[PDB]
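K.L.:
Structure in structure tokens, see below.
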Amino acid sequence: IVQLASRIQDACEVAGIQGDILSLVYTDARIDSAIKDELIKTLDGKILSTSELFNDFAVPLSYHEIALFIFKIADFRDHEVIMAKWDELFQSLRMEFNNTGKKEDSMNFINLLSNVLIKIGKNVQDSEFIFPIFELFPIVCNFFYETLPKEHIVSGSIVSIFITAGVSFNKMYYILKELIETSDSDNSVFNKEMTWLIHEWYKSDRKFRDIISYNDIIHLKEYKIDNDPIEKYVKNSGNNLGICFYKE
């Protein structure tokens, strides 16, 4: 169905993905112990093509994260195919969620969902084709909100995923800023996240406190392009915020 390029020189990286498939296969309760033995033999024994891993394993077993990792290793870039795979990921997650309106169930789901995206993002964030933040961020927002009780969704729940996945506060800020000013809709949700982001940046980064005061931060209760403290500072001292700051 989908044809990915393979290179002999990438065998060691392909081996890594086969190890990851192997681990999933090992715990996969849908698979027969005898077949497992065989798949393990295969997966540890030789190097399959990317096309093979995708179409013979990731697709049939519905290992969506693996599919995304194969895309990355194969230098596959097609946006539609990629976001379609992300979509399958989200929907399979929706399938396993138990929506009782219980605060704990909401928390647990939010947790497992976050862990899943954090893990995948740690592996693929260095790629703007496989981890297109500008497009994934709104998708995660919509997803949370289609799924959970509004009253169970804490500000920061979305943006922190990307931060923890390894996106710089800097990059995340500029992307969310462009999301906010580029939408003719409410933005209330984008705004709370941005508010959370900036407060997190402040209390995390002395180099960022060294620029804006405790007072100039406690004011920001809900973000606005004019409320933007980073904006203000730059309208005075330039747009050099220093090198990228990541979460520790």
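Residues are referred to by chain and number: the chain letter is A, B, ... according to the order shown in the structure tokens, the number counts from 1 in that chain, and ligands are numbered separately from 1 in the order shown.
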Near stretch 178-191 of chain A, counting only C-alpha atoms, which residues have an atom at most 10 Å away, once you skip same-chain residues fewer than 5 positions from it, shown as number ranges by chain?
P.N.:
A: 134-135, 137-138, 141-142, 145, 155-156, 158-159, 172-173, 196-197, 221-225
K.L.:
Write out the residues from the selection above, keeping N, CA and C atoms, as a PDB file, in the first residue's frame.
P.N.:
```pdb
ATOM      1  N   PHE A 134       3.103  22.637  14.627  1.00  0.00           N
ATOM      2  CA  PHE A 134       2.086  23.615  14.256  1.00  0.00           C
ATOM      3  C   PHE A 134       0.746  22.938  13.989  1.00  0.00           C
ATOM      4  N   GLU A 135       0.798  21.710  13.488  1.00  0.00           N
ATOM      5  CA  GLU A 135      -0.419  20.974  13.157  1.00  0.00           C
ATOM      6  C   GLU A 135      -0.872  20.031  14.281  1.00  0.00           C
ATOM      7  N   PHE A 137      -0.311  20.388  17.662  1.00  0.00           N
ATOM      8  CA  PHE A 137      -0.801  21.103  18.834  1.00  0.00           C
ATOM      9  C   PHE A 137      -2.328  21.329  18.822  1.00  0.00           C
ATOM     10  N   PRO A 138      -2.868  21.914  17.736  1.00  0.00           N
ATOM     11  CA  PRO A 138      -4.325  22.125  17.696  1.00  0.00           C
ATOM     12  C   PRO A 138      -5.082  20.802  17.745  1.00  0.00           C
ATOM     13  N   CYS A 141      -5.245  19.629  21.347  1.00  0.00           N
ATOM     14  CA  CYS A 141      -6.241  20.478  21.999  1.00  0.00           C
ATOM     15  C   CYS A 141      -7.664  20.006  21.704  1.00  0.00           C
ATOM     16  N   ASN A 142      -7.980  19.861  20.419  1.00  0.00           N
ATOM     17  CA  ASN A 142      -9.310  19.428  20.000  1.00  0.00           C
ATOM     18  C   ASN A 142      -9.619  18.062  20.548  1.00  0.00           C
ATOM     19  N   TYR A 145     -10.454  18.009  24.217  1.00  0.00           N
ATOM     20  CA  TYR A 145     -11.712  18.682  24.486  1.00  0.00           C
ATOM     21  C   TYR A 145     -12.922  17.954  23.918  1.00  0.00           C
ATOM     22  N   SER A 155      -5.188  23.814  32.660  1.00  0.00           N
ATOM     23  CA  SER A 155      -4.315  24.594  31.807  1.00  0.00           C
ATOM     24  C   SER A 155      -2.910  23.995  31.871  1.00  0.00           C
ATOM     25  N   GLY A 156      -2.237  23.946  30.725  1.00  0.00           N
ATOM     26  CA  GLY A 156      -0.884  23.417  30.649  1.00  0.00           C
ATOM     27  C   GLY A 156      -0.834  21.956  30.237  1.00  0.00           C
ATOM     28  N   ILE A 158      -1.771  20.473  27.703  1.00  0.00           N
ATOM     29  CA  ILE A 158      -1.431  20.231  26.304  1.00  0.00           C
ATOM     30  C   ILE A 158       0.000  20.646  26.004  1.00  0.00           C
ATOM     31  N   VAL A 159       0.312  21.902  26.286  1.00  0.00           N
ATOM     32  CA  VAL A 159       1.626  22.436  25.955  1.00  0.00           C
ATOM     33  C   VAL A 159       2.762  21.691  26.666  1.00  0.00           C
ATOM     34  N   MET A 172       8.365  26.390  21.179  1.00  0.00           N
ATOM     35  CA  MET A 172       6.970  26.229  21.571  1.00  0.00           C
ATOM     36  C   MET A 172       6.265  27.582  21.688  1.00  0.00           C
ATOM     37  N   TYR A 173       6.942  28.546  22.293  1.00  0.00           N
ATOM     38  CA  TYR A 173       6.396  29.886  22.412  1.00  0.00           C
ATOM     39  C   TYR A 173       6.079  30.522  21.047  1.00  0.00           C
ATOM     40  N   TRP A 196       0.159  29.287  30.729  1.00  0.00           N
ATOM     41  CA  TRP A 196       0.873  28.275  31.492  1.00  0.00           C
ATOM     42  C   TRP A 196       2.337  28.198  31.064  1.00  0.00           C
ATOM     43  N   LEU A 197       2.568  28.225  29.756  1.00  0.00           N
ATOM     44  CA  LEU A 197       3.920  28.111  29.230  1.00  0.00           C
ATOM     45  C   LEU A 197       4.812  29.196  29.804  1.00  0.00           C
ATOM     46  N   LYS A 221      -2.624  36.814  33.837  1.00  0.00           N
ATOM     47  CA  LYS A 221      -3.574  35.797  34.275  1.00  0.00           C
ATOM     48  C   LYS A 221      -4.157  35.064  33.071  1.00  0.00           C
ATOM     49  N   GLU A 222      -4.331  35.797  31.980  1.00  0.00           N
ATOM     50  CA  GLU A 222      -4.705  35.214  30.698  1.00  0.00           C
ATOM     51  C   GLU A 222      -3.978  35.952  29.587  1.00  0.00           C
ATOM     52  N   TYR A 223      -3.314  35.200  28.716  1.00  0.00           N
ATOM     53  CA  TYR A 223      -2.432  35.782  27.714  1.00  0.00           C
ATOM     54  C   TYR A 223      -3.161  36.578  26.633  1.00  0.00           C
ATOM     55  N   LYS A 224      -2.539  37.679  26.231  1.00  0.00           N
ATOM     56  CA  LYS A 224      -2.971  38.476  25.095  1.00  0.00           C
ATOM     57  C   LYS A 224      -1.726  39.011  24.404  1.00  0.00           C
ATOM     58  N   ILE A 225      -1.813  39.218  23.098  1.00  0.00           N
ATOM     59  CA  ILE A 225      -0.664  39.685  22.332  1.00  0.00           C
ATOM     60  C   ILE A 225      -0.085  40.966  22.927  1.00  0.00           C
TER      61      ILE A 225
END
```
K.L.:
Which residues are near residue A:166? Cut-off 10 Å, only C-alpha atoms, ignore same chain within fewer than 3 positions. Put them as a PyMOL selection string.
P.N.:
chain A and resi 118-119+121-126+160-163+169+246-248
K.L.:
Find the distance between atom CA of residue A:98 and atom CA of residue A:148 and write it in Å to one decimal.
P.N.:
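Spanning atom CA of residue A:98 to atom CA of residue A:148 is a straight-line distance of 10.1 Å.
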K.L.:
Please identify all polymer residues within 12 Å of residue A:12, counting only C-alpha atoms, omitting same-chain residues fewer than 6 positions from it, and present them as a PDB file with C-alpha atoms, in the first residue's frame.
P.N.:
```
ATOM      1  CA  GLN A  18      12.749  -4.119  14.916  1.00  0.00           C
ATOM      2  CA  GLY A  19      13.723  -4.353  18.582  1.00  0.00           C
ATOM      3  CA  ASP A  44      16.557 -10.451  15.844  1.00  0.00           C
ATOM      4  CA  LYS A  46      17.909 -10.118   9.904  1.00  0.00           C
ATOM      5  CA  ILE A  47      17.158  -6.676   8.527  1.00  0.00           C
ATOM      6  CA  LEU A  48      13.761  -6.225   6.882  1.00  0.00           C
ATOM      7  CA  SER A  49      13.114  -3.332   4.511  1.00  0.00           C
ATOM      8  CA  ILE A  73      13.862   6.409   9.541  1.00  0.00           C
TER       9      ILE A  73
END
```
K.L.:
Pick out the closest residue to residue A:90 from this set: A:108, A:147, A:170, A:51. Count only C-alpha atoms.
P.N.:
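That would be A:147, the residue with the smallest distance to residue A:90.
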K.L.:
Which residue, A:230, A:59, A:107, A:139, has the smallest gap to residue A:194 when you use only C-alpha atoms?
P.N.:
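Among the listed residues, A:230 lies closest to residue A:194.
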K.L.:
With distances taken over only C-alpha atoms, which residue among A:74, A:24, A:58, A:39 lies nearest residue A:88?
P.N.:
A:58
K.L.:
What residues in stretch 13-226 of chain A get the DSSP label helix (DSSP H, G or I)? Please answer as a PyMOL selection string.
P.N.:
chain A and resi 13-27+33-45+50-58+64-73+79-96+103-124+133-147+150-152+159-165+169-181+188-204+206-209+215-218
K.L.:
How would the residues just picked look written out with C-alpha atoms as a CSV table (one decimal), in the first residue's frame?
P.N.:
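Result written to again-v8.csv:
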```csv
chain,number,residue,atom,x,y,z
A,13,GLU,CA,18.7,2.1,12.9
A,14,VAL,CA,16.3,-0.3,11.3
A,15,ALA,CA,17.4,-3.0,13.8
A,16,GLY,CA,16.5,-0.6,16.6
A,17,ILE,CA,12.9,-0.3,15.3
A,18,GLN,CA,12.7,-4.1,14.9
A,19,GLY,CA,13.7,-4.4,18.6
A,20,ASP,CA,10.9,-2.0,19.4
A,21,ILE,CA,8.5,-4.1,17.3
A,22,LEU,CA,9.8,-7.2,19.1
A,23,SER,CA,9.0,-5.7,22.5
A,24,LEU,CA,5.5,-5.0,21.4
A,25,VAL,CA,5.1,-8.4,19.9
A,26,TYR,CA,6.4,-10.1,23.1
A,27,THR,CA,3.6,-8.6,25.2
A,33,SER,CA,3.1,-18.0,21.5
A,34,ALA,CA,4.3,-20.1,18.6
A,35,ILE,CA,4.1,-17.2,16.1
A,36,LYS,CA,5.9,-15.0,18.7
A,37,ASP,CA,8.9,-17.4,18.7
A,38,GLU,CA,9.1,-17.0,14.9
A,39,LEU,CA,8.7,-13.3,14.8
A,40,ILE,CA,11.4,-12.9,17.4
A,41,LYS,CA,13.7,-15.1,15.4
A,42,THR,CA,13.0,-13.0,12.4
A,43,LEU,CA,13.2,-9.7,14.2
A,44,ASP,CA,16.6,-10.5,15.8
A,45,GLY,CA,18.0,-12.4,12.9
A,50,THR,CA,11.2,-0.3,5.9
A,51,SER,CA,8.4,-1.1,3.4
A,52,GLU,CA,8.3,-4.6,5.0
A,53,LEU,CA,8.2,-3.5,8.6
A,54,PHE,CA,5.5,-1.0,7.8
A,55,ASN,CA,3.2,-3.2,5.7
A,56,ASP,CA,3.8,-6.6,7.4
A,57,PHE,CA,4.0,-5.4,11.0
A,58,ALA,CA,3.1,-1.9,11.9
A,64,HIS,CA,0.8,3.3,15.0
A,65,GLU,CA,3.8,4.8,16.9
A,66,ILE,CA,6.1,2.3,15.1
A,67,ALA,CA,4.6,3.4,11.8
A,68,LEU,CA,5.6,7.0,12.6
A,69,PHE,CA,9.1,5.9,13.6
A,70,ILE,CA,9.5,3.9,10.4
A,71,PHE,CA,8.4,7.0,8.5
A,72,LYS,CA,11.1,9.0,10.2
A,73,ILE,CA,13.9,6.4,9.5
A,79,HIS,CA,2.0,15.3,5.1
A,80,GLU,CA,-1.3,13.6,4.5
A,81,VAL,CA,-0.1,10.1,5.1
A,82,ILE,CA,1.7,11.3,8.2
A,83,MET,CA,-1.2,13.1,9.8
A,84,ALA,CA,-3.5,10.2,8.9
A,85,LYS,CA,-1.2,7.9,10.9
A,86,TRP,CA,-1.3,10.3,13.8
A,87,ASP,CA,-5.1,10.3,13.5
A,88,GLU,CA,-5.2,6.5,13.8
A,89,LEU,CA,-3.0,6.8,16.9
A,90,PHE,CA,-5.4,9.3,18.6
A,91,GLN,CA,-8.5,7.2,17.7
A,92,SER,CA,-7.1,4.0,19.0
A,93,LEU,CA,-6.4,5.9,22.2
A,94,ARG,CA,-10.0,7.2,22.3
A,95,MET,CA,-11.1,3.5,22.0
A,96,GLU,CA,-9.5,2.4,25.2
A,103,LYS,CA,-11.9,13.0,37.9
A,104,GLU,CA,-9.4,10.1,38.3
A,105,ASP,CA,-10.4,8.3,35.1
A,106,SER,CA,-9.9,11.7,33.3
A,107,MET,CA,-6.5,12.1,35.0
A,108,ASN,CA,-5.3,8.6,34.2
A,109,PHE,CA,-6.4,9.0,30.6
A,110,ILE,CA,-4.6,12.4,30.4
A,111,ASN,CA,-1.5,10.7,31.9
A,112,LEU,CA,-1.4,7.7,29.6
A,113,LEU,CA,-2.1,9.9,26.6
A,114,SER,CA,0.7,12.3,27.6
A,115,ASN,CA,3.2,9.5,28.2
A,116,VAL,CA,2.4,8.0,24.7
A,117,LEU,CA,3.0,11.3,22.9
A,118,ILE,CA,6.0,12.2,25.1
A,119,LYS,CA,7.7,8.9,24.2
A,120,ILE,CA,6.9,9.1,20.5
A,121,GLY,CA,7.9,12.8,20.4
A,122,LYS,CA,11.2,12.2,22.2
A,123,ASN,CA,12.0,9.9,19.2
A,124,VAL,CA,10.6,12.0,16.4
A,133,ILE,CA,4.0,20.8,16.0
A,134,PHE,CA,2.1,23.6,14.3
A,135,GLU,CA,-0.4,21.0,13.2
A,136,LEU,CA,-0.3,18.5,16.1
A,137,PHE,CA,-0.8,21.1,18.8
A,138,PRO,CA,-4.3,22.1,17.7
A,139,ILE,CA,-5.1,18.5,17.1
A,140,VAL,CA,-4.2,17.5,20.7
A,141,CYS,CA,-6.2,20.5,22.0
A,142,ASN,CA,-9.3,19.4,20.0
A,143,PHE,CA,-8.8,15.8,21.0
A,144,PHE,CA,-8.6,16.5,24.7
A,145,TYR,CA,-11.7,18.7,24.5
A,146,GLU,CA,-13.8,16.3,22.4
A,147,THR,CA,-13.0,13.6,24.9
A,150,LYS,CA,-14.2,20.5,30.3
A,151,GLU,CA,-13.9,20.9,34.1
A,152,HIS,CA,-11.3,18.1,34.2
A,159,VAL,CA,1.6,22.4,26.0
A,160,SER,CA,3.6,20.6,28.7
A,161,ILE,CA,3.4,17.5,26.5
A,162,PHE,CA,5.6,19.1,23.9
A,163,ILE,CA,7.9,20.7,26.4
A,164,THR,CA,8.5,17.3,28.1
A,165,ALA,CA,8.9,15.7,24.6
A,169,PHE,CA,10.4,26.7,25.4
A,170,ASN,CA,11.5,29.1,22.7
A,171,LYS,CA,10.2,27.1,19.8
A,172,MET,CA,7.0,26.2,21.6
A,173,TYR,CA,6.4,29.9,22.4
A,174,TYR,CA,6.8,31.1,18.8
A,175,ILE,CA,4.6,28.4,17.4
A,176,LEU,CA,1.8,28.9,19.9
A,177,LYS,CA,2.2,32.7,19.3
A,178,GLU,CA,1.7,32.1,15.6
A,179,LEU,CA,-1.2,29.8,16.3
A,180,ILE,CA,-2.9,32.4,18.4
A,181,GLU,CA,-2.5,35.5,16.2
A,188,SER,CA,-9.3,30.9,24.8
A,189,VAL,CA,-7.7,27.4,24.9
A,190,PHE,CA,-4.5,28.5,23.1
A,191,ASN,CA,-4.4,31.4,25.5
A,192,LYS,CA,-4.5,29.4,28.8
A,193,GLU,CA,-1.8,27.1,27.4
A,194,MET,CA,0.4,30.1,26.5
A,195,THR,CA,-0.3,31.5,29.9
A,196,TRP,CA,0.9,28.3,31.5
A,197,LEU,CA,3.9,28.1,29.2
A,198,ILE,CA,5.2,31.6,30.1
A,199,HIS,CA,4.7,31.0,33.9
A,200,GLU,CA,6.5,27.7,33.6
A,201,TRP,CA,9.4,29.4,31.7
A,202,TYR,CA,9.7,32.1,34.3
A,203,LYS,CA,10.0,29.8,37.4
A,204,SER,CA,12.3,27.4,35.4
A,206,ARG,CA,16.9,32.4,35.7
A,207,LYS,CA,18.0,33.7,32.4
A,208,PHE,CA,14.3,34.4,31.7
A,209,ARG,CA,13.7,35.9,35.1
A,215,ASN,CA,5.7,41.6,39.2
A,216,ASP,CA,5.7,41.6,35.4
A,217,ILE,CA,4.7,37.9,35.6
A,218,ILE,CA,2.0,37.7,38.3
```
K.L.:
Suppose you want the space between atom CA of residue A:237 and atom CA of residue A:205; what is it in Å?
P.N.:
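For atom CA of residue A:237 relative to atom CA of residue A:205, the distance reads 18.1 Å.
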K.L.:
How far is it from atom CA of residue A:78 to atom CA of residue A:8, in Å with one decimal?
P.N.:
22.2 Å
